[PDB]
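Participant: part one of the complex, left exactly where it sits:
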Amino acid sequence: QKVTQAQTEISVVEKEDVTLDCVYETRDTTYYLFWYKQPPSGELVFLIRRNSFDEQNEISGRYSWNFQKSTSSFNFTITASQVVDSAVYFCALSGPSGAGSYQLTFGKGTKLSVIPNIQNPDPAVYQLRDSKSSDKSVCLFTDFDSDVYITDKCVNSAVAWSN
């Protein structure tokens, strides 16, 4: 019993399609496959369960799951990527144990990074003075040396400061 999510990290343009690959491997004849979403926040969100027997294709909004029993894979495709789809997605496989109790093994997970397409590309850098002592200040990049630090862009703005 083994589950492999080929891709470590996968970034994609906003409103482009993306397929999260999951290849599983078990001798079990009756088993259950799962997909979980983990947004940056940290919670593990149950998406779908597939029974070993049921049909391959299912469409649930922008989410769609192809279950190829013969290739022994269960791939999850997100059409028209929303920035909120940015998360670590997990693939799992449940089969009976020696005790007669279904336990499940997880993949290592795939990280999806939905970069917003720059429909309005006016990159601007603004300087912001500290509320108290004006000597210390910070820089802010919009619309896109170890003593200097720059934060990972969140949505689009990144923060830069030096002492």
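Facilitator: Sure, I can see it. Numbering: from 1, shown residues only, chains lettered A, B, ... in the order given.

Participant: who touches the spatially closest residue to residue A:102 that is not a sequence neighbour in this structure?
Facilitator: Closest residue to residue A:102 apart from its sequence neighbours, by CB to CB, 6 or more residues apart in numbering: residue A:94 at 4.8 Å. In this view, the C-beta of every residue, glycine as well, is placed from N, C-alpha and C. For residue A:94, the contacting residues are A:31, A:32, A:33, A:34, A:102, A:103, A:104, by CB atoms under 8 Å, 6 or more residues apart in numbering.

Participant: quick one: residue A:116 and residue A:83 touch, right?
Facilitator: Yes - counting by CB atoms under 8 Å, residue A:116 touches residue A:83, with 5.6 Å between them.

Participant: and the two? Which one has more around it.
Facilitator: residue A:116 (17 against 13; other CB atoms under 10 Å).

Participant: contacts only, for the more buried one.
Facilitator: A:14, A:83, A:155, A:156.

Participant: quick one: the closest residue to it other than its chain neighbours and residue A:79, what's the gap?
Facilitator: Closest residue in space to residue A:116, ignoring its immediate chain neighbours: residue A:14 at 4.8 Å, by CB to CB, 6+ apart. Noted for residue A:14: a distance of 12 Å to residue A:79, by CB to CB, to the nearest Å.

Participant: chain B next, sequence below:
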Amino acid sequence: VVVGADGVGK
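Facilitator: Chain B, in position alongside the others:
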């Protein structure tokens, strides 16, 4: 062979 254990029980 046997049928897989019932998903949802009685």
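
Participant: the one residue in chain A that gets nearest to chain B: neighbour count?
Facilitator: Closest approach between chain A and chain B, counting by CB to the nearest CB: residue A:30, at 2.3 Å. Residues near residue A:30, counting by other CB atoms under 10 Å in any protein chain shown, number 17.

Participant: for it, what are phi and psi?
Facilitator: phi -110, psi 110 (degrees, to the nearest 10).

Participant: same question for residue A:85.
Facilitator: phi -70, psi -20.

Participant: try the one 10 residues further on
Facilitator: Here the main-chain torsion angles of residue A:95 (degrees, to the nearest 10) amount to phi -140, psi 160.

Participant: nearest spatial neighbour of it, chain-adjacent residues omitted?
Facilitator: In space, and not counting its chain neighbours, residue A:95 is closest to residue A:28: 3.5 Å by CB to CB, 6 or more residues apart in numbering or on different chains.

Participant: ok, now which ones touch residue 5?
Facilitator: Chain wasn't specified; assuming chain A. Neighbouring residues of residue A:5 by CB atoms under 8 Å, 6 or more residues apart in numbering or on different chains: A:20, A:21, A:22, A:89, A:90, A:91, A:107, A:108, A:109, A:110.

Participant: right idea, wrong chain: chain B
Facilitator: So residue B:5 contacts A:30, A:96, A:100, A:102 (CB under 8 Å, 6+ apart).

Participant: add chain C to the structure above:
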Amino acid sequence: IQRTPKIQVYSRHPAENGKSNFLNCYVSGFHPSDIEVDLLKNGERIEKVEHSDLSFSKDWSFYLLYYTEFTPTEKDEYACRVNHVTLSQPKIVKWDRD
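Facilitator: To build on what is shown above, here is chain C added in:
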């Protein structure tokens, strides 16, 4: 649904005195499972007796086969003692050769 067991006591092959046969006791059409079954040789409990696995007919009523590798004698009497919830006391059935 408490069903009282039907008991048949018989041998595998046509009994010929002094020829190692098999004595069979077939308990059938009973419920629930929990049942006590002894093969008696002149009222004496035969030690090594083996029984088939617990199956049931398509009316949900159980059936078991209790057997031992016995050699029939002219004067020796064999029987089957079956106790069950449905019975107020164990029901012994004598082995007829016909």
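
Participant: repeat for the contacts of residue B:5, accounting for chain C.
Facilitator: A:30, A:96, A:100, A:102.

Participant: one more time with 10 Å
Facilitator: Residues near residue B:5 by CB atoms under 10 Å, 6 or more residues apart in numbering or on different chains: A:30, A:96, A:100, A:101, A:102.

Participant: let me know the secondary structure of the fourth one.
Facilitator: Following DSSP: H, G, I helix; E, B strand; the rest coil, residue A:101 is assigned to coil.

Participant: who's in contact with it?
Facilitator: Residue A:101 sits in contact with residue B:5, where contact means CB under 10 Å, 6+ apart.

Participant: go on, the third one?
Facilitator: Under the criterion of CB under 10 Å, 6+ apart, the contact partners of residue A:100 comprise residue B:5.

Participant: got phi/psi on the nearest residue to residue A:163 once chain neighbours are set aside?
Facilitator: Take residue A:163 and drop its neighbours on the chain: the residue closest to it by CB to CB, 6+ apart is residue A:147, 7.0 Å away. Main-chain dihedrals, residue A:147, degrees, to the nearest 10: phi -60, psi -30.

Participant: and the two most separated of the contacts of residue B:5?
Facilitator: Using CB to CB, the pair of the contacts of residue B:5 lying farthest apart is A:30 and A:101, separated by 13.7 Å.
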